[PDB]
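Written below as structure tokens is the structure these notes are about.
Protein chains: 2
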Amino acid sequence: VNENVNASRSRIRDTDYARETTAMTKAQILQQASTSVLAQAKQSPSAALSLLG
Amino acid sequence: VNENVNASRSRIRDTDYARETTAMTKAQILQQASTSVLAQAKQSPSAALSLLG
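In structure tokens:
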């Protein structure tokens, strides 16, 4: 019973490194994707003053 | 009566070296199987190290 409950708690409490590592990597690529567009986003007012100002 | 009682007692209590030695050797092989599989089982979390690393 001790083994069986140990494996049962693993399936609901322990983390899956196969999925969690992929989940973090999807977020890290998500970071640099959002930071890069953010870098290109604040140049919208840069087009404003370069227009005539 | 003493001779036949002694023979009966041996059949009930006295050990059988032919059977006991086989059980001892089989148990010895069983433990050596268990230590080998346990050694390979301890490295299972190490397979989880490669994903994030």
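These protein sequence lines map, in sequence, to chains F2 and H2.
All residue numbers for the first sequence refer to PDB author numbering, where the first residue is 324 and numbers rise by one.
All residue numbers for the second sequence refer to PDB author numbering, where the first residue is 324 and numbers rise by one.
Even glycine gets a Cβ: it sits at the ideal position worked out from N, Cα and C.
Item                                                                                                                                                                               : Value
Let's see if you can read the secondary structure: which residues bound the alpha helix (DSSP H) around residue 338 (chain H2)?                                                    : Looking at the DSSP string, residue 338 (chain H2) is not in any alpha helix (DSSP H), and its letter there is neither H nor E.
What three-state label does DSSP hand residue 324 (chain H2) in the structure shown?                                                                                               : coil
With 7 Å as the limit, tell me which residues of the segment 341–368 of chain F2 have their beta carbon closer than that to any beta carbon of chain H2; keep them in chain order. : 341 and 344
Give a yes or no on whether 9 Å exceeds the smallest Cβ distance from residue 330 (chain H2) to chain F2.                                                                          : no
By DSSP, does residue 365 (chain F2) sit in helix, in strand, or in coil?                                                                                                          : coil
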